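Student: Just so we're aligned, residue 32 is where the sequence shown starts under the entry's author numbering, counting upward by one. Okay, handing you the structure first.
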Amino acid sequence: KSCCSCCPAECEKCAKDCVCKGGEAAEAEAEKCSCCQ
Ligand SMILES: [Cd+2]
Ligand SMILES: [Cd+2]
Ligand SMILES: [Cd+2]
Ligand SMILES: [Cd+2]
């Protein structure tokens, strides 16, 4: 859902309901994250 920085519009894990939502000061913005990879 393009919902991120770590993730695109095709991100399976997020396509559900954005895994990273609670990654507040986490990797949300930091180009790459530690759930979806
Ligand atoms: Cd993400
Ligand atoms: Cd994701
Ligand atoms: Cd997301
Ligand atoms: Cd993630």
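We put the beta carbon where it would ideally sit given N, CA and C, even for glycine.
Under 8 Å by Cβ, that's how I've got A59 and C51 pegged, so tell me the actual separation to the nearest angstrom.
Tutor: Position 28 of the sequence shown, counting from 1, holds the residue named residue 59. Position 20 of the sequence shown, counting from 1, holds the residue named residue 51. With 8 Å as the limit, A59 and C51 qualify as a contact, their Cβ atoms being about 5 Å apart.
Student: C67 to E55, Cα distance in whole Å?
Tutor: As a position in the sequence shown, residue 67 is number 36, starting the count at 1. As a position in the sequence shown, residue 55 is number 24, starting the count at 1. Rounded to the nearest angstrom, the two C-alpha atoms are 15 Å apart.
Student: Considering only their Cβ atoms, is the gap separating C37 from residue 20 smaller than 7 Å?
Tutor: Because the chain is modelled from 32 through 68, residue 20 falls outside the range shown and cannot be assessed.
Student: From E41 to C49, what does the alpha carbon distance come to, in whole angstroms?
Tutor: As a first step, residue 41 must be located in the sequence shown, where it is residue number 10. As a first step, residue 49 must be located in the sequence shown, where it is residue number 18. If you take the alpha carbons of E41 and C49, they lie about 11 Å apart.
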